[PDB]
Amino acid sequence: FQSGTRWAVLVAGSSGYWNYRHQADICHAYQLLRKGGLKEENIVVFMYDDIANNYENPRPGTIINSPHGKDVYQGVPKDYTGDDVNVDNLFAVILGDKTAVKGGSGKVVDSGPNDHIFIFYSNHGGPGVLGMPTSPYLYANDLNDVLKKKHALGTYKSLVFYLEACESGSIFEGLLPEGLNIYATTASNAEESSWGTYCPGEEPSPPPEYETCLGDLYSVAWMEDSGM
Amino acid sequence: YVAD
Amino acid sequence: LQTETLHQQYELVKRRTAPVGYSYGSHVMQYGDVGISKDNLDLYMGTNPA
């Protein structure tokens with residue numbers, strides 16, 4: 001049996017009620033990983049945190065990631081929220097460097113060489129770029145550089161990256177080398193959209209008055225699969 | 001559907 | 001009850017996300033060290049004994 005520690009970094013790259021789904025994706029991922037036995041101290045959550053009590057939310061204080069889903073917001077730690085959701089903090093977290101963090105909980109992936117790491121990002125994207133709710137945006141070269149650095153630190157056995165965004169293939173295609181012990185998958189290729197799901201007017205639809213999608217198809221595809 |  | 005690998009989840013996710021009837025959809029990709037995908041999901045996401 002695996003004797004290493006399992007870590008995760010969960011990142012919603014957007015803000016605003018219309019982007020409900022990205023923070024819902026991340027909260028769902030948090031609950032799933034906790035149910036799997038990952039410890040709270042090893043799961044680092046980035047979310048702007050403007051959804052659960054958004055005035056447009058039909059169910060104040062809750063977030064759901066499927067039409068009949070349970071609340072997934074309760075229990076999610078507020079590691080990096082609001083303007084603490086930024087690239088410098090994300091990189092400090094991935095590299096396990098508490099002294100490079102600015103604002104937020106200070107939780108980082110201070111991992112060892114026999115540990116596993118799971119990173120899940122959900123948001124908006126375009127060719128070569130991922131959204132953040134603060135300046136600057138998360139650029140493909142910068143993200144791949146920080147993964148290379150982490151590999152140079154040697155502080156994991158293997159790392160898995162799941163990525164939800166438009167043109168998300170562009171973030172790794174021809175940029176992520178073999179030999180880093182990193183496996184990544186993306187919702188889309190480098191030239192096409194990725195899609196929300198559980199959207200008004202579509203089947204199945206969110207409850208009345210949500211007027212926003214509850215999740216993203218690639219994201220709920222893996223999370224609902226892991227559940228069953 | 002909304003795109004990302 | 002069965003073991004699931006990263007590769008098996010990738011295939012399942014790819015299938016659900018793919019366009020059908022040439023409407024919407026997207027094409028799930030994989031990158032990096034694909035050999036890793038033989039790993040059991042439990043190595044990354046744990047096990048909910050359920």
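One is the number of the first residue shown, and numbering goes on along the chain from there.
So how was this one determined? The header says X-ray crystallography, 1.5 Å.
From the backbone N, Cα and C atoms, a Cβ is placed for every residue, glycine too.
If you take the C-beta of A:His124 (active site) and look for same-chain residues 6 or more apart in sequence within under 8 angstroms, you find A:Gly13, A:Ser14, A:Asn19, A:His22, A:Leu130, A:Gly131, A:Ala165, A:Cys166. Annotation comment: Swiss-Prot describes A:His124 as active site.
If you look up Swiss-Prot, you'll see A:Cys166 marked as active site, nucleophile, on the strength of similarity to another entry.
The disulfide bond feature in Swiss-Prot is assigned to A:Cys199-A:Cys213; the stated evidence is similarity to another entry. Counting only same-chain residues six or more apart in sequence, the Cβ atoms lying under 8 angstroms from the Cβ of A:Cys213 (disulfide bond) belong to A:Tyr20, A:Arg21, A:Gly196, A:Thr197, A:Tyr198, A:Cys199, A:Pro200, A:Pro206.
The Cβ neighbour count for A:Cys199 (disulfide bond), using a 10 Å radius over every protein chain in view, is 21.
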